[PDB]
Structures are given as C-alpha cells and as structure tokens.
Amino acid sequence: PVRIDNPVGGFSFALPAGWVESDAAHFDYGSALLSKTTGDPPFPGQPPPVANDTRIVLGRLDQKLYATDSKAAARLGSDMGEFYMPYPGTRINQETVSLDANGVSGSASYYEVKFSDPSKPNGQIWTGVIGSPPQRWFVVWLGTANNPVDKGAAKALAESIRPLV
C-alpha cells in the first residue's frame, strides 16, 4: 500500500498496483495523472514504458463545477467521454456504483463505447465523484477492450481518498 499526498488538492490516495505517476505538473494545481507500466522493468533510474490506451486522472473537483454526487458523476462521466473518446459511438454496459470512502460517500458512472469505426477497439470509462460530509474529488479511469478498466481497483482508488488535515 503506497499512499501519495496531493497537497494542493488537499487529499491523499493509494497508488494502484502496476501504475506510476506521469506528467507531475498535474500536482501543481491539485490533480494527478497515472499511467500503467508495461513490459519488463526499465534500466534502474529510467522511466518505465507505459500503456498508450489507458490512464487515470484524479483530483479536487472544483466547488463551482457540477448536484448530488450521483448526478455529478454521471455528468462528469459524459463530459470525460467526449474529452477523451471524441469519436462517434454508442454507450453500452452502463453501470452506476455507490462509493463509500471511510464515511465520505460518492458515486461512480461507468460505460463502454462501441465506436462507429469498426477498426477502433471499444472504449471504457469509469468516473467517480466522492466527497466529505463540502470538498469533493474525482477519479476517472479510462481504458479499452485491450486494457480494460479494472472496476474493482477503480472503486478501491476512489475509496482510498482521504482529506489532508
């Protein structure tokens, strides 16, 4: 269990096994970007290869944005799907998941996308919003048929968030 503090965003989280941070400037403004390592370990001290088709972004969800956590996660999930999967397609295999992060509750919206382009692998996106009983945080786990969202690990990641105090 590797715990990571995000001081600007006011939270800590547990890094999922198999993932590293990428693009550390995210922390400057209270977010974090994670990538999934692939292949054999790199030379010591050098960055590991990471997958191209999956990513996790998490962070503080601005108070002015999105308004229950169920509605907020569904709305944020739709917006994230446009932002990261802009191509035409159809949503399938949708789910909503209740989140309970040590008392701070939330909700997540998951769906898969069958694209119009027959050559494109299906997309997958899990978007969670979790709050204290009013600071809020989001978790977005993006994947594909080839690197699927690990839904259990996405819930565990969101439920690992703790406010820094």
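All residue numbers are counted from 1 along the displayed sequence.
In the deposited entry, the stretch joining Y66 to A67 is interrupted by 4 to 9 residues of the deposited sequence lacking coordinates.
In terms of unmodelled positions of the deposited sequence, the stretch from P133 to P134 in this entry skips 4 to 9 residues. The stretch with the higher mean CA B factor, choosing between 116-124 and 27-35, is 116-124.
Once the C-alpha B-factors are averaged per stretch, 82-90 and 68-76 rank with 68-76 first. Placement of the Cα temperature factor of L142 within the chain: lowest third of the modelled residues, per the deposited record.
Per the deposited record, the Cα B-factor of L58 falls in the lowest third when ranked against the other modelled residues of its chain. Among all modelled residues in this chain, the alpha-carbon of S107 has a temperature factor (C-alpha) in the middle third. Ranked by C-alpha B-factor against the other modelled residues of its chain, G10 falls in the highest third. For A17, the recorded CA temperature factor ranks within the highest third of the chain's modelled residues.
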